[PDB]
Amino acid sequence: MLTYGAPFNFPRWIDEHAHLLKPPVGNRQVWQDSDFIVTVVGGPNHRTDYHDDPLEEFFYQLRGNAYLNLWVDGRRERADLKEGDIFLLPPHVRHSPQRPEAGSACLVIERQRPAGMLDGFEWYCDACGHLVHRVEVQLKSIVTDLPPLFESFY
């Protein structure tokens, strides 16, 4: 049979999950236990961490707008994700995804990292532009391997 089920209307499925696409949660993963981690991410949410992902991430901004703060060539650059945009982020490229809008929704796709492949999270000094903290973490379930990880800084 079909491990990950039938095809379904995306719009509807998004609408039926609007409640789940804003705080305290924000995001909602479409299929469970897939190599391809396919998620919709909502708003609003802002964050202070930069993600260094050892695999690429694919983004598609189905509704409203957002942006990525990026650490490029030792410089604090930014990438708009207006409504409509797609984008393929390289691995290890440092990114902080900012979703201001209530009712925005972005498709985000990623691979389960294999055992040995680590993610990094890091925060940066707004002043002296220097790396303040960095964790490396073996990601496996992106709701258990993250909320503590986040809270021992704030």
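Numbers follow the displayed sequence, beginning with 1.
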property: 107-115 versus 26-34 - which carries the larger mean C-alpha B factor in the record; result: 26-34
property: Of 118-126 and 95-103, the stretch whose C-alpha atoms average the higher B-factor in the entry; result: 118-126
property: Within-chain third of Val72 by Cα B-factor, per the entry; result: highest
property: Third of chain Cα B-factors occupied by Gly42; result: highest
